[PDB]
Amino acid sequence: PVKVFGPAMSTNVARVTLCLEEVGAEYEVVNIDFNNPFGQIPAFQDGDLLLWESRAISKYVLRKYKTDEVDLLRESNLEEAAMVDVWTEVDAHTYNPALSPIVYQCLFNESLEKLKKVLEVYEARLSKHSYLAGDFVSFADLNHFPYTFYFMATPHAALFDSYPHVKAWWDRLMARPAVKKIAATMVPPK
């Protein structure tokens, strides 16, 4: 059984726990307090192996537990793997940064016009394909879950109704058993 160290509700921990659930790995989430050379969270233990960097942890999980039924990187198919990589990068560089300040300014404390231009592109893409990388769910889709989840707790949630293919894609991810399981974990400690 592998161990994830960090807060359950953080977007970087939820990205790893979502990957562990999609592949059906046995794992434990452990809270750690600061009181792994850059001392980052999440950290990840598998036997003597210690990893950090949410995306590197996630890919290790998706490769280690890969099957014919759950192949979420598609590394056996050059062009599928490329489309998974492209939309993973779009999530990191374009999408998550368009969401982030709406989430932060709405749940604590102009970005709407930039997000709409991004959703136009997603709407075109999800009109031609079931999921971002093609006609199969992949890491690219799962990477969109944690930030969109919090965006859907804001008063801007309904913005997705103007992008019917994006709304349908979002609802489809939200129906996945692994996504429902990780949604329920994304709460402050009790």
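Numbers for residues come from their place in the sequence shown, where the first is 1.
Per the record, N109 and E110 are separated by 10 or more deposited residues that are missing from the model. In this entry, 46 to 54 has the higher mean Cα B-factor, the comparison being between 138 to 146 and 46 to 54. Taking the mean C-alpha B-factor of each stretch as recorded, 55 to 63 and 26 to 34 are not equal, and the higher mean is that of 26 to 34. Among all modelled residues in this chain, the alpha-carbon of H156 has a temperature factor (C-alpha) in the lowest third.
Sort the chain's modelled residues by C-alpha temperature factor and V86 lands in the middle third, per the entry. Ranked by C-alpha B-factor against the other modelled residues of its chain, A183 falls in the lowest third. Per-chain ranking of the deposited C-alpha B factor places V4 in the middle third. Placement of the Cα temperature factor of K128 within the chain: highest third of the modelled residues, per the deposited record.
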